[PDB]
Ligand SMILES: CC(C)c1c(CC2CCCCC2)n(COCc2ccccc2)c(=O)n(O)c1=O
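The chain below stands alone and is given as structure tokens, in the form solved without this ligand.
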């Protein structure tokens, strides 16, 4: 008879499936001595038992040395058990952010020791855990054991742990409504507005409560001592910061280098404002292998330079004060890159961040601004449960023009203009009505599917005309191309009739940037015009000169 700590959690295998059978890795006696060591320890504590041949299951175990630590870390690879283990609904919905914590008089950070190992596994599942234990090389076939608790490396361990832990803490919290406990994995952040004494008291009460359930709180706890190391941050009484970020100086740059670099810069962007990853990532496009080594472009080097400069200065975030409004301000960084700062008191930042994403083949600054606002809103809701008041580099009138005229539903929540160039503008506006006294260009283009050869051209009410042969092209590109010609060959005010739905659809959305050079040139021309009216008519209806450019560009 073994004893029973705390309520268990029913587990199962994906129906009609059975436990894992695999033999181990050839291992040095290094790893094996680092193993049998802690192997023989658990038996007494109750964290394992032994099995005969009765237990037809086999899984590997080998050890990895603790980072910044003395003793070795034992990790079982359950991958073949995981694959066959029931799916769980993960209760961990995201990572807490320092910027979302409120000011607290007294603060403590505790770890539950050997946390996974303090939680009873499920009775009838225990068997499936079976691994084989090495004496040493060539020595002995070994001894096979089974977990009575949650194994490091299973796939149900985190969820059951987090859920059980919650169940235990719940009553302590119901009795202490004013204490704040951030519970993340086995890490605990307790904080209170109590005086540091009554606080140390209540912390003790809590350690004892966790004890009643067999959960140990060793003295690796941070007691009064700021800064607390929590979730990769340092928490001081009035400020927080990221723990120092070491960027690689490597003279030779490979692909995986660029990756580690960018990942780190992204991590940094939560606090250091203005980080830019665009040029750097440009380097990673369509590469052969993670090992391949590429040189930095002038463009990438300049960027990396100003990021290292950004990183020169130390910076800190503050905490969140519900009595005060939330505020997010955005700056346009060029090339479709955006930065933002969320704060409450001017200049004291809760957090910062960036939005770089390019959506669509054709876009503009107003759309991308909208996208950023949404990214920021959702992020804000996760952290503070509310939407920031926005400060945006876009004239109120610009925005009113865009959202009212656009065919999609579009909206930004409460916001105000901040005049902080570069401002976001619409670069041209299509007329709502045909222009009196402007030359009307009936434009057309067509391509041959086989030859991929085509023509693009136009005819005018003034008798003006053009046709141009094009090679290796599409119907779409030629429709665009006809419009382009009409723009080039016309004065400052022009009417243009097209039967292309595609072409019209792109231009009417007033793009300022494209993945297509031809659309970019069309944009360039649209920006130079004073007045442009685009109109659509159906094809083959022999409409206007539109049958006569229709019969012109097939010729």
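Residue numbers count along the first chain shown, from 1.
FYI, the form solved in complex with this ligand isn't displayed, but the following is about it.
Peer 1: Which of these residues, 236, 324, 250, 83, gets a heavy atom within 4.5 Å of this ligand in the deposited bound form?
Peer 2: None of the others qualify; the residue that does is 236.
Peer 1: Considering this ligand in the deposited bound form, which of 372, 203, 121, 101 comes within 4.5 Å of it through any heavy atom?
Peer 2: In short, 101.
Peer 1: When you measure heavy atoms, are 105, 189 and 230 every one within 4.5 angstroms of this ligand in the deposited bound form?
Peer 2: Answer is yes for this spot.
Peer 1: Residue 96 versus this ligand, in the deposited bound form: is there a non-hydrogen atom within 4.5 Å?
Peer 2: Flag for residue 96 set to yes.
Peer 1: At the 4.5 Å heavy atom threshold, is residue 226 in contact with this ligand in the deposited bound form?
Peer 2: Although this ligand is absent here, residue 226 would touch it in the deposited bound form, with heavy atoms inside 4.5 Å.
Peer 1: I'd like to know whether residue 182 contacts this ligand in the deposited bound form, with contact meaning heavy atoms within 4.5 angstroms.
Peer 2: Output for residue 182 is yes: heavy atoms within 4.5 Å of this ligand.
Peer 1: So, residue 88 and this ligand: in the deposited bound form, are they within 4.5 Å at any heavy atom pair?
Peer 2: Residue 88 lies outside the contact set for this ligand.
Peer 1: Counting any heavy atom within 4.5 Å as contact, can you tell me which stretch out of 301 to 309, 286 to 294, 122 to 130, 105 to 113 lines this ligand in the deposited bound form?
Peer 2: Among the candidates, contact is made by 105 to 113.
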